[PDB]
>>> print(open('upload.pdb').read())   # PDB, N, CA and C atoms
ATOM      1  N   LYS H   1     -13.473  39.416  -6.676
ATOM      2  CA  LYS H   1     -12.874  40.539  -7.372
ATOM      3  C   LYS H   1     -11.544  40.915  -6.727
ATOM      4  N   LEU H   2     -10.677  41.538  -7.522
ATOM      5  CA  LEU H   2      -9.479  42.198  -7.022
ATOM      6  C   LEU H   2      -9.366  43.557  -7.693
ATOM      7  N   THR H   3      -9.329  44.612  -6.886
ATOM      8  CA  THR H   3      -9.306  45.972  -7.401
ATOM      9  C   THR H   3      -7.912  46.576  -7.278
ATOM     10  N   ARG H   4      -7.639  47.548  -8.153
ATOM     11  CA  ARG H   4      -6.347  48.234  -8.209
ATOM     12  C   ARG H   4      -5.215  47.235  -8.444
ATOM     13  N   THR H   5      -5.524  46.163  -9.170
ATOM     14  CA  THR H   5      -4.524  45.166  -9.518
ATOM     15  C   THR H   5      -4.739  44.764 -10.967
ATOM     16  N   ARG H   6      -3.668  44.280 -11.586
ATOM     17  CA  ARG H   6      -3.733  43.757 -12.943
ATOM     18  C   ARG H   6      -3.910  42.247 -12.979
ATOM     19  N   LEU H   7      -3.936  41.592 -11.824
ATOM     20  CA  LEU H   7      -4.280  40.176 -11.709
ATOM     21  C   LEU H   7      -5.490  40.108 -10.788
ATOM     22  N   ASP H   8      -6.666  39.915 -11.374
ATOM     23  CA  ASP H   8      -7.927  40.054 -10.669
ATOM     24  C   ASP H   8      -8.746  38.782 -10.822
ATOM     25  N   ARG H   9      -9.892  38.769 -10.141
ATOM     26  CA  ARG H   9     -10.829  37.648 -10.180
ATOM     27  C   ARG H   9     -10.142  36.339  -9.803
ATOM     28  N   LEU H  10      -9.308  36.390  -8.767
ATOM     29  CA  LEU H  10      -8.649  35.195  -8.258
ATOM     30  C   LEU H  10      -9.688  34.315  -7.578
ATOM     31  N   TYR H  11      -9.760  33.053  -7.988
ATOM     32  CA  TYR H  11     -10.814  32.151  -7.550
ATOM     33  C   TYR H  11     -10.248  31.055  -6.655
ATOM     34  N   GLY H  12     -10.857  30.890  -5.485
ATOM     35  CA  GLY H  12     -10.418  29.925  -4.495
ATOM     36  C   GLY H  12      -9.861  30.597  -3.255
ATOM     37  N   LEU H  13      -9.550  29.770  -2.269
ATOM     38  CA  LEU H  13      -8.936  30.280  -1.049
ATOM     39  C   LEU H  13      -7.494  30.682  -1.305
ATOM     40  N   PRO H  14      -7.115  31.922  -1.047
ATOM     41  CA  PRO H  14      -5.701  32.292  -1.037
ATOM     42  C   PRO H  14      -5.021  31.697   0.191
ATOM     43  N   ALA H  15      -3.737  32.007   0.332
ATOM     44  CA  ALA H  15      -2.930  31.475   1.419
ATOM     45  C   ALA H  15      -2.836  32.410   2.616
ATOM     46  N   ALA H  16      -3.580  33.514   2.621
ATOM     47  CA  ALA H  16      -3.305  34.585   3.571
ATOM     48  C   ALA H  16      -4.095  34.448   4.870
ATOM     49  N   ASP H  17      -5.420  34.483   4.786
ATOM     50  CA  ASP H  17      -6.213  34.672   5.994
ATOM     51  C   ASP H  17      -7.680  34.261   5.884
ATOM     52  N   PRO H  18      -8.048  33.094   6.408
ATOM     53  CA  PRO H  18      -9.474  32.764   6.576
ATOM     54  C   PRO H  18     -10.044  33.095   7.952
ATOM     55  N   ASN H  19      -9.242  33.638   8.872
ATOM     56  CA  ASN H  19      -9.762  33.975  10.194
ATOM     57  C   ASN H  19     -10.854  35.033  10.098
ATOM     58  N   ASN H  20     -10.497  36.236   9.648
ATOM     59  CA  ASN H  20     -11.443  37.313   9.357
ATOM     60  C   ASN H  20     -12.371  37.618  10.528
ATOM     61  N   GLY H  21     -11.968  37.273  11.747
ATOM     62  CA  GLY H  21     -12.848  37.394  12.885
ATOM     63  C   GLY H  21     -13.857  36.277  13.026
ATOM     64  N   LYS H  22     -13.845  35.295  12.127
ATOM     65  CA  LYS H  22     -14.727  34.146  12.252
ATOM     66  C   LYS H  22     -14.324  33.318  13.462
ATOM     67  N   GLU H  23     -15.321  32.931  14.255
ATOM     68  CA  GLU H  23     -15.055  32.207  15.494
ATOM     69  C   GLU H  23     -14.329  30.898  15.212
ATOM     70  N   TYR H  24     -14.868  30.097  14.297
ATOM     71  CA  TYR H  24     -14.289  28.809  13.942
ATOM     72  C   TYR H  24     -14.905  28.359  12.622
ATOM     73  N   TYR H  25     -14.456  27.205  12.137
ATOM     74  CA  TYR H  25     -15.012  26.584  10.938
ATOM     75  C   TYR H  25     -15.623  25.254  11.359
ATOM     76  N   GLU H  26     -16.943  25.248  11.507
ATOM     77  CA  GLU H  26     -17.665  24.117  12.071
ATOM     78  C   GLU H  26     -18.155  23.193  10.964
ATOM     79  N   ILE H  27     -17.813  21.912  11.078
ATOM     80  CA  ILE H  27     -18.282  20.876  10.165
ATOM     81  C   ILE H  27     -18.741  19.708  11.025
ATOM     82  N   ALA H  28     -20.044  19.624  11.266
ATOM     83  CA  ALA H  28     -20.594  18.546  12.064
ATOM     84  C   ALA H  28     -20.776  17.305  11.194
ATOM     85  N   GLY H  29     -21.182  16.217  11.817
ATOM     86  CA  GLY H  29     -21.376  14.975  11.103
ATOM     87  C   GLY H  29     -21.433  13.807  12.072
ATOM     88  N   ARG H  30     -21.016  12.643  11.580
ATOM     89  CA  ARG H  30     -21.087  11.417  12.359
ATOM     90  C   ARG H  30     -19.918  10.524  11.974
ATOM     91  N   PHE H  31     -19.604   9.578  12.852
ATOM     92  CA  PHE H  31     -18.734   8.457  12.538
ATOM     93  C   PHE H  31     -19.527   7.157  12.526
ATOM     94  N   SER H  32     -18.941   6.146  11.890
ATOM     95  CA  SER H  32     -19.449   4.779  11.964
ATOM     96  C   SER H  32     -18.258   3.851  11.771
ATOM     97  N   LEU H  33     -17.781   3.266  12.865
ATOM     98  CA  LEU H  33     -16.571   2.456  12.867
ATOM     99  C   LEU H  33     -16.900   1.035  13.295
ATOM    100  N   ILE H  34     -16.497   0.069  12.476
ATOM    101  CA  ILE H  34     -16.564  -1.347  12.820
ATOM    102  C   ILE H  34     -15.135  -1.772  13.129
ATOM    103  N   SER H  35     -14.884  -2.153  14.378
ATOM    104  CA  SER H  35     -13.534  -2.353  14.885
ATOM    105  C   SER H  35     -13.372  -3.753  15.458
ATOM    106  N   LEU H  36     -12.225  -4.367  15.174
ATOM    107  CA  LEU H  36     -11.832  -5.603  15.835
ATOM    108  C   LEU H  36     -11.218  -5.254  17.184
ATOM    109  N   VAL H  37     -11.826  -5.734  18.265
ATOM    110  CA  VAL H  37     -11.427  -5.289  19.599
ATOM    111  C   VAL H  37     -11.364  -6.469  20.563
ATOM    112  N   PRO H  38     -10.289  -6.600  21.342
ATOM    113  CA  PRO H  38     -10.175  -7.737  22.262
ATOM    114  C   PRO H  38     -10.605  -7.425  23.686
ATOM    115  N   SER H  39     -10.871  -6.152  23.978
ATOM    116  CA  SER H  39     -11.033  -5.707  25.356
ATOM    117  C   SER H  39     -12.462  -5.826  25.875
ATOM    118  N   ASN H  40     -13.420  -6.223  25.040
ATOM    119  CA  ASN H  40     -14.810  -6.347  25.457
ATOM    120  C   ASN H  40     -15.206  -7.788  25.762
ATOM    121  N   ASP H  41     -14.293  -8.580  26.318
ATOM    122  CA  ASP H  41     -14.608  -9.949  26.706
ATOM    123  C   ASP H  41     -15.081  -9.972  28.153
ATOM    124  N   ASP H  42     -16.390 -10.142  28.341
ATOM    125  CA  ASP H  42     -16.997 -10.287  29.657
ATOM    126  C   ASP H  42     -17.133 -11.744  30.061
ATOM    127  N   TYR H  43     -16.204 -12.588  29.612
ATOM    128  CA  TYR H  43     -16.451 -14.021  29.497
ATOM    129  C   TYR H  43     -15.535 -14.817  30.417
ATOM    130  N   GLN H  44     -14.227 -14.566  30.393
ATOM    131  CA  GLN H  44     -13.270 -15.374  31.139
ATOM    132  C   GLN H  44     -13.203 -14.954  32.603
ATOM    133  N   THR H  45     -14.355 -14.883  33.257
ATOM    134  CA  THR H  45     -14.382 -14.430  34.630
ATOM    135  C   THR H  45     -14.233 -15.604  35.588
ATOM    136  N   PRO H  46     -13.431 -15.459  36.641
ATOM    137  CA  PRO H  46     -13.324 -16.522  37.648
ATOM    138  C   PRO H  46     -14.594 -16.635  38.480
ATOM    139  N   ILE H  47     -14.735 -17.789  39.133
ATOM    140  CA  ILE H  47     -15.870 -18.075  40.006
ATOM    141  C   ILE H  47     -15.756 -17.209  41.256
ATOM    142  N   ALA H  48     -16.830 -17.163  42.047
ATOM    143  CA  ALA H  48     -16.934 -16.342  43.251
ATOM    144  C   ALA H  48     -17.012 -14.862  42.916
TER     145      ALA H  48
ATOM    146  N   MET L   1     -16.913 -57.305  73.199
ATOM    147  CA  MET L   1     -15.556 -57.313  73.732
ATOM    148  C   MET L   1     -14.640 -56.576  72.761
ATOM    149  N   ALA L   2     -13.710 -57.298  72.134
ATOM    150  CA  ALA L   2     -12.983 -56.727  71.009
ATOM    151  C   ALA L   2     -13.930 -56.275  69.907
ATOM    152  N   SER L   3     -15.072 -56.951  69.777
ATOM    153  CA  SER L   3     -16.128 -56.486  68.890
ATOM    154  C   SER L   3     -16.536 -55.060  69.234
ATOM    155  N   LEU L   4     -16.504 -54.712  70.521
ATOM    156  CA  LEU L   4     -16.812 -53.342  70.904
ATOM    157  C   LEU L   4     -15.726 -52.359  70.490
ATOM    158  N   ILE L   5     -14.459 -52.772  70.426
ATOM    159  CA  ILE L   5     -13.426 -51.894  69.880
ATOM    160  C   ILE L   5     -13.620 -51.718  68.381
ATOM    161  N   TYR L   6     -14.008 -52.790  67.695
ATOM    162  CA  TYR L   6     -14.365 -52.686  66.284
ATOM    163  C   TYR L   6     -15.505 -51.687  66.080
ATOM    164  N   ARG L   7     -16.561 -51.809  66.884
ATOM    165  CA  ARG L   7     -17.664 -50.858  66.823
ATOM    166  C   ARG L   7     -17.201 -49.443  67.153
ATOM    167  N   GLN L   8     -16.327 -49.297  68.150
ATOM    168  CA  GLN L   8     -15.901 -47.971  68.580
ATOM    169  C   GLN L   8     -15.058 -47.290  67.512
ATOM    170  N   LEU L   9     -14.184 -48.045  66.841
ATOM    171  CA  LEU L   9     -13.443 -47.459  65.732
ATOM    172  C   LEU L   9     -14.375 -47.113  64.584
ATOM    173  N   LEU L  10     -15.485 -47.843  64.437
ATOM    174  CA  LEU L  10     -16.516 -47.373  63.515
ATOM    175  C   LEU L  10     -17.097 -46.040  63.974
ATOM    176  N   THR L  11     -17.416 -45.926  65.267
ATOM    177  CA  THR L  11     -18.164 -44.777  65.767
ATOM    178  C   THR L  11     -17.405 -43.469  65.625
ATOM    179  N   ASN L  12     -16.110 -43.453  65.923
ATOM    180  CA  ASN L  12     -15.348 -42.209  65.894
ATOM    181  C   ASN L  12     -15.046 -41.798  64.455
ATOM    182  N   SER L  13     -16.104 -41.433  63.730
ATOM    183  CA  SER L  13     -15.993 -40.797  62.425
ATOM    184  C   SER L  13     -16.137 -39.285  62.533
ATOM    185  N   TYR L  14     -16.165 -38.771  63.760
ATOM    186  CA  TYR L  14     -16.286 -37.349  64.034
ATOM    187  C   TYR L  14     -14.945 -36.674  64.272
ATOM    188  N   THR L  15     -13.845 -37.424  64.235
ATOM    189  CA  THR L  15     -12.505 -36.855  64.287
ATOM    190  C   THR L  15     -11.798 -36.936  62.945
ATOM    191  N   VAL L  16     -12.334 -37.719  62.007
ATOM    192  CA  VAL L  16     -11.787 -37.727  60.663
ATOM    193  C   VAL L  16     -11.952 -36.359  60.022
ATOM    194  N   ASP L  17     -12.962 -35.597  60.450
ATOM    195  CA  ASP L  17     -13.077 -34.211  60.016
ATOM    196  C   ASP L  17     -11.851 -33.417  60.428
ATOM    197  N   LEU L  18     -11.411 -33.583  61.674
ATOM    198  CA  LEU L  18     -10.215 -32.892  62.129
ATOM    199  C   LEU L  18      -9.003 -33.369  61.349
ATOM    200  N   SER L  19      -8.950 -34.672  61.080
ATOM    201  CA  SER L  19      -7.843 -35.232  60.315
ATOM    202  C   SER L  19      -7.734 -34.580  58.941
ATOM    203  N   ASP L  20      -8.862 -34.418  58.243
ATOM    204  CA  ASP L  20      -8.814 -33.817  56.911
ATOM    205  C   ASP L  20      -8.658 -32.299  56.958
ATOM    206  N   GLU L  21      -9.211 -31.638  57.979
ATOM    207  CA  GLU L  21      -9.016 -30.200  58.117
ATOM    208  C   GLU L  21      -7.554 -29.854  58.354
ATOM    209  N   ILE L  22      -6.837 -30.665  59.133
ATOM    210  CA  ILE L  22      -5.408 -30.418  59.318
ATOM    211  C   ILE L  22      -4.679 -30.493  57.984
ATOM    212  N   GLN L  23      -4.957 -31.535  57.198
ATOM    213  CA  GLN L  23      -4.262 -31.710  55.932
ATOM    214  C   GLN L  23      -4.636 -30.649  54.910
ATOM    215  N   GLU L  24      -5.869 -30.144  54.937
ATOM    216  CA  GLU L  24      -6.248 -29.082  54.014
ATOM    217  C   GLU L  24      -5.755 -27.709  54.455
ATOM    218  N   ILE L  25      -5.577 -27.487  55.758
ATOM    219  CA  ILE L  25      -4.963 -26.244  56.217
ATOM    220  C   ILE L  25      -3.482 -26.225  55.862
ATOM    221  N   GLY L  26      -2.792 -27.335  56.095
ATOM    222  CA  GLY L  26      -1.389 -27.423  55.758
ATOM    223  C   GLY L  26      -1.196 -27.866  54.326
ATOM    224  N   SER L  27      -2.268 -27.814  53.543
ATOM    225  CA  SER L  27      -2.225 -28.228  52.150
ATOM    226  C   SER L  27      -1.504 -27.168  51.324
ATOM    227  N   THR L  28      -1.510 -27.346  50.013
ATOM    228  CA  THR L  28      -0.838 -26.428  49.114
ATOM    229  C   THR L  28      -1.796 -25.317  48.694
ATOM    230  N   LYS L  29      -1.392 -24.563  47.679
ATOM    231  CA  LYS L  29      -2.207 -23.488  47.138
ATOM    232  C   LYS L  29      -3.541 -24.011  46.617
ATOM    233  N   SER L  30      -4.588 -23.224  46.839
ATOM    234  CA  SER L  30      -5.921 -23.512  46.340
ATOM    235  C   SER L  30      -6.197 -22.670  45.103
ATOM    236  N   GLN L  31      -6.892 -23.270  44.142
ATOM    237  CA  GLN L  31      -7.069 -22.680  42.823
ATOM    238  C   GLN L  31      -8.530 -22.315  42.614
ATOM    239  N   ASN L  32      -8.772 -21.088  42.158
ATOM    240  CA  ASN L  32     -10.055 -20.700  41.591
ATOM    241  C   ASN L  32     -10.002 -20.622  40.071
ATOM    242  N   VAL L  33      -9.119 -21.407  39.444
ATOM    243  CA  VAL L  33      -8.938 -21.357  37.999
ATOM    244  C   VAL L  33     -10.263 -21.639  37.315
ATOM    245  N   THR L  34     -10.578 -20.847  36.293
ATOM    246  CA  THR L  34     -11.886 -20.924  35.664
ATOM    247  C   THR L  34     -11.803 -20.430  34.228
ATOM    248  N   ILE L  35     -12.169 -21.303  33.290
ATOM    249  CA  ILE L  35     -12.274 -20.957  31.880
ATOM    250  C   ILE L  35     -13.396 -21.794  31.280
ATOM    251  N   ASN L  36     -14.023 -21.253  30.241
ATOM    252  CA  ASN L  36     -15.172 -21.926  29.651
ATOM    253  C   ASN L  36     -15.451 -21.424  28.240
ATOM    254  N   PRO L  37     -14.541 -21.618  27.291
ATOM    255  CA  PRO L  37     -14.778 -21.102  25.939
ATOM    256  C   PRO L  37     -15.614 -22.054  25.097
ATOM    257  N   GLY L  38     -16.468 -21.513  24.232
ATOM    258  CA  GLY L  38     -17.374 -22.331  23.464
ATOM    259  C   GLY L  38     -17.166 -22.235  21.967
ATOM    260  N   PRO L  39     -18.212 -21.842  21.245
ATOM    261  CA  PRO L  39     -18.116 -21.755  19.783
ATOM    262  C   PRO L  39     -17.178 -20.638  19.357
ATOM    263  N   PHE L  40     -16.586 -20.801  18.179
ATOM    264  CA  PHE L  40     -15.760 -19.765  17.574
ATOM    265  C   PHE L  40     -16.599 -18.977  16.566
ATOM    266  N   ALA L  41     -15.956 -18.086  15.814
ATOM    267  CA  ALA L  41     -16.663 -17.171  14.925
ATOM    268  C   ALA L  41     -16.147 -17.158  13.494
ATOM    269  N   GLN L  42     -14.965 -17.725  13.237
ATOM    270  CA  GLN L  42     -14.339 -17.801  11.912
ATOM    271  C   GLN L  42     -14.515 -16.494  11.125
ATOM    272  N   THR L  43     -14.061 -15.411  11.742
ATOM    273  CA  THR L  43     -14.055 -14.102  11.101
ATOM    274  C   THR L  43     -12.618 -13.721  10.746
ATOM    275  N   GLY L  44     -12.468 -12.621  10.014
ATOM    276  CA  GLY L  44     -11.147 -12.224   9.556
ATOM    277  C   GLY L  44     -11.181 -10.909   8.810
ATOM    278  N   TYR L  45     -10.312 -10.801   7.807
ATOM    279  CA  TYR L  45     -10.110  -9.566   7.064
ATOM    280  C   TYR L  45     -10.236  -9.794   5.561
ATOM    281  N   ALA L  46     -10.844  -8.816   4.879
ATOM    282  CA  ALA L  46     -11.085  -8.857   3.436
ATOM    283  C   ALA L  46     -10.616  -7.547   2.816
ATOM    284  N   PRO L  47      -9.304  -7.366   2.645
ATOM    285  CA  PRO L  47      -8.777  -6.111   2.082
ATOM    286  C   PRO L  47      -8.700  -6.179   0.563
ATOM    287  N   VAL L  48      -8.937  -5.041  -0.091
ATOM    288  CA  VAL L  48      -8.783  -4.969  -1.538
ATOM    289  C   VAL L  48      -7.365  -4.511  -1.875
ATOM    290  N   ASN L  49      -6.885  -4.938  -3.039
ATOM    291  CA  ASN L  49      -5.513  -4.689  -3.473
ATOM    292  C   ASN L  49      -5.490  -3.438  -4.345
TER     293      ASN L  49
END
>>> encode(input="upload.pdb", output="structure tokens")
Amino acid sequence: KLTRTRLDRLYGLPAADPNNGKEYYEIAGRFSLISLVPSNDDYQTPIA
Amino acid sequence: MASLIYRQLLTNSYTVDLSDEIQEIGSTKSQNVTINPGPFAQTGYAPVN
């Protein structure tokens, strides 16, 4: 709602302020990455 | 006689160690070079256009 205005019922996030004293905006989840990587070669090791 | 000098030159095989140790001490750089690669994997990239 918007009161004392002639443009009311504005829907969605405005551009002004989502802080409102809220600590943070938490969105948990997970990743899953398949990566080409050269640094995990445990193979070319010298003797001794 | 001289056969004994032949035998004696046979016997002194305990200084050839010194002979080779001198040459290996005054030898060149020693290498621990080591590689051992085996099968490949024939993998790559499959991007969409």
>>> closest_residue(input="upload.pdb", among="L:28, L:49, L:34, L:19", to="residue 47 in chain H", atoms="all atoms listed in the file")
L:34
>>> resolve_selection(input="upload.pdb", expression="the PyMOL selection byres ((chain H) within 6.5 of (chain L))", output="tab-separated table (two decimals) with N, CA and C atoms, keeping the file's coordinate frame")
chain	number	residue	atom	x	y	z
H	44	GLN	N	-14.23	-14.57	30.39
H	44	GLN	CA	-13.27	-15.37	31.14
H	44	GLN	C	-13.20	-14.95	32.60
H	45	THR	N	-14.36	-14.88	33.26
H	45	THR	CA	-14.38	-14.43	34.63
H	45	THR	C	-14.23	-15.60	35.59
H	46	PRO	N	-13.43	-15.46	36.64
H	46	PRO	CA	-13.32	-16.52	37.65
H	46	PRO	C	-14.59	-16.64	38.48
H	47	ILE	N	-14.74	-17.79	39.13
H	47	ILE	CA	-15.87	-18.08	40.01
H	47	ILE	C	-15.76	-17.21	41.26
>>> atom_distance(input="upload.pdb", atom1="CA of residue 3 in chain H", atom2="CA of residue 16 in chain H")
16.9 Å
>>> resolve_selection(input="upload.pdb", expression="the PyMOL selection byres (((chain H and resi 1 and name CA) around 9) and name CA)", output="ChimeraX atom specification")
/H:2-3,8-11
>>> select_by_dssp(input="upload.pdb", residues="chain L", states="helix (DSSP H, G or I)", output="list in words")
residues 2, 3, 4, 5, 6, 7, 8, 9, 10, 11, 16, 17, 18, 19, 20, 21, 22, 23, 24 and 25 of chain L
>>> atom_distance(input="upload.pdb", atom1="CA of residue 7 in chain L", atom2="CA of residue 22 in chain L")
25.0 Å
